Ligand SMILES: CC(=O)N[C@@H]1[C@@H](O)[C@H](O[C@@H]2O[C@H](CO)[C@@H](O)[C@H](O)[C@H]2NC(C)=O)[C@@H](CO)O[C@H]1O
Ligand SMILES: [Ca+2]
Ligand SMILES: [Cl-]
Ligand SMILES: [Mg+2]
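This is the structure:
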């Protein structure tokens, strides 16, 4: 039988948790692979909707109706009906997701193959959001203990791989669903998932040809990995923004004083050599992002160039100008250590964090630390475990953090996740908006992005968002990165690549297109 060796997320050890709602404790082969979505949007191809469990959807003259494919059965033989979708959306309406429920007011079963979704506000992006919610078996989950602390070790599933073949703390094997509706399109028998804690461990394995489908950072990829075998390939199409995020609500006076000063964020930004960061840390694998709004050149067409030009000096390498701005603002060194102190005369050191084992970001931070020291800003690096890293952002105890962002077909994915202040509160919230900068006009502009179908007005919305973020230098954007993807042609063929660019190729959870991707691979 064919086994596909994948690596969607680093772990020290595997805990048997296949619950789709628990995205902080589950295995990252649960969404898509076990619970197939209604629709997959091919974001690389203009969000073209690829229909799976749903046959179609129809916005009413305004709310949506989904039609659900017939003859579709769960893993245990029981049939997939509207009742299963109905029971699923119903369940998060009274037990909160991460997806966000701020868009759907209840659900009607209307037909055992048609479901009515009632809308809170009106949003043309709402099928994209509905697609994120996992549909679970009604005939199974309606039992359940506490649906919130429920490991799902033996999962009833709709997706391609539902059988747990093997399960050690360093290896688990996830095999073909017995009653899979698309099994005719499926030629991979099993997902084979090894436990890998960080990039150093990954690197030995990938260079030894032990992997099939991976998305980790690989330093000097052409020398280390590609040169080791003719079967060793990769394809890095462009992805989203990377930046230093600063905490506007730091609990230390001096640090708060520094971080909340726009002069100081702009001097911080100007000391950075973004091209050198790309060159050394990412081995050339990226593009300088000198948009103060973090827009990035892939969305250059969306850009109000007046705004970009106006603030780009603040987002270009200019240590001398960084030194002058610090002095004009009042960050004077008054204790003879060569490091500027706050206007009220306090010494400080910024602690800059990135996740343990994400060595590309670790190196970016260490590069920035030295760059900062050159213009007299004192900083130190920290590389905590992702969960610690993430937690420090959620509770606002960090100073400065290097982070990447998710990336969409337009700039809304980046701008909303990164700046909508409503995403600063909750408890299943991601790290992305946790600078705690807040602007009602910015939030209003974001909230109205998909409110009108006037492309011209949507574009004026973008320019208004761009201007607000840029003039306030809310973060320090550094670069635009790549979709890291490595593939082995030793055991399989049919891979997406530069010659076959059918969509986002990565294996990470959060890329629904990985389902469509595995449906193209054939054993060799
Ligand atoms: C936007 C986001 O949070 N994406 C996450 C990915 O960055 C992350 O993958 C890891 O990214 C690091 C930084 O570039 C790499 O150093 C690292 O190799 C890579 N790890 C893997 C297994 O791909 C993944 C997984 O941690 O989570 C994504 O959500
Ligand atoms: Ca000093
Ligand atoms: Cl800009
Ligand atoms: Mg196929």
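In PDB author numbering, the protein residues as written are 1 to 61, 64 to 98, 102 to 529.
Just so it is clear, CB atoms sit at the ideal spot from N, CA and C, and this is done for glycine as well.
Check	Outcome
Assess, as a yes-or-no matter, whether the region 158-177 is touched by the region 8-23 under the definition of 3 or more beta carbon pairs within less than 8 Å.	yes
Indicate whether the contact test is met: 3 or more Cβ pairs, each with one atom in the region 355-369 and one in the region 198-205, closer than 8 Å.	yes
Count the other C-beta atoms from every protein chain shown that fall within 10 angstroms of the C-beta of residue 25, then say buried if there are 16 or more, exposed otherwise.	exposed
Enumerate in chain order the residues of its own chain whose CB-to-CB distance from residue 336 is below 6 Å, with the five nearest sequence positions on each side excluded.	345
At a cut-off of 8 Å, is residue 499 close to ligand 4 when judged by its beta-carbon and the heavy atoms of the ligand?	yes
Within the continuous alpha helix (DSSP H) that includes residue 132, where are the two ends?	131-135
My output table needs one value for residue 271: the three-state DSSP class, helix, strand or coil.	helix
Tell me, to the nearest whole angstrom, how far the beta carbon of residue 134 is from that of residue 104; I am working on the premise that it is less than 8 Å.	7 Å
State buried or exposed for residue 189, treating a residue as buried only when at least 16 other CB atoms are found within 10 Å of its CB.	exposed
Quick test of the definition: if touching needs 3 or more C-beta pairs under 8 Å, does the region 303-312 touch the region 467-477?	yes
Taking a cut-off of 5 Å, which residues have a beta-carbon closer than that to any heavy atom of ligand 3, in chain order?	296, 297, 298, 313, 475
Check each candidate in 129, 31, 47, 55 and name the one with the smallest Cα separation from residue 102.	31
Once the 5 residues before and after residue 356 are set aside, which same chain residues still bring their CB inside 6 Å of it?	385, 387, 404
Which residue wins for smallest C-alpha separation from residue 528, given the options 192, 37, 234, 360?	192
Could you compute how far the alpha carbon of residue 246 sits from the alpha carbon of residue 324?	23 Å
Starting from the C-beta of residue 267, find all residues in its chain whose C-beta is less than 7 Å away, skip the five residues before and the five after it, and write them out in chain order.	477, 478
For residue 5, count the other beta carbons within 10 Å of its own beta carbon; 16 or more makes it buried, fewer makes it exposed. Which is it?	buried
My output table needs one value for residue 198: the three-state DSSP class, helix, strand or coil.	strand
Rounded to whole angstroms, what's the CA-CA distance from residue 450 to residue 460? Just pull it up for me.	14 Å
What does residue 87 pair with, by DSSP beta-bridge criteria?	DSSP, once it has assigned bridges, lists no residue as partnering residue 87.
For a test of the three-state rule: what should DSSP assign to residue 329, helix, strand or coil?	helix
Nearest-angstrom Cα distance between residue 506 and residue 201?	28 Å
Is the beta carbon of residue 257 within less than 8 Å of some heavy atom of ligand 2?	no
Within the chosen definition, does the region 248-255 reach the region 479-486 through at least 3 CB pairs nearer than 8 Å?	yes
Beta-carbon within less than 7 Å of residue 145's beta-carbon, same chain only, minus the 5 sequence neighbours each way: which residues are those?	161
Note down, in chain order, each residue of its chain lying with its Cβ closer than 7 Å to the Cβ of residue 418, except the 5 sequence neighbours on either side.	411, 412
Identify whether residue 319 lies in helix, strand or coil by the three-state DSSP scheme.	helix
Could you tell me whether the region 153-168 touches the region 487-501, using the rule of 3 or more Cβ pairs below 8 Å?	no
Would residue 168 pass as a contact of residue 90 if the rule is Cβ separation under 9 Å?	no
Between which two residues does the alpha helix (DSSP H) harbouring residue 368 extend?	364-379
So does the region 40-58 actually touch the region 497-514, counting three or more Cβ pairs closer than 8 Å?	yes
Which residue or residues does DSSP assign as beta-bridge partners of residue 119?	69, 116
Where DSSP assigns a beta bridge to residue 9, which residues make up the other side?	DSSP output for residue 9 lists no bridge partner at all.
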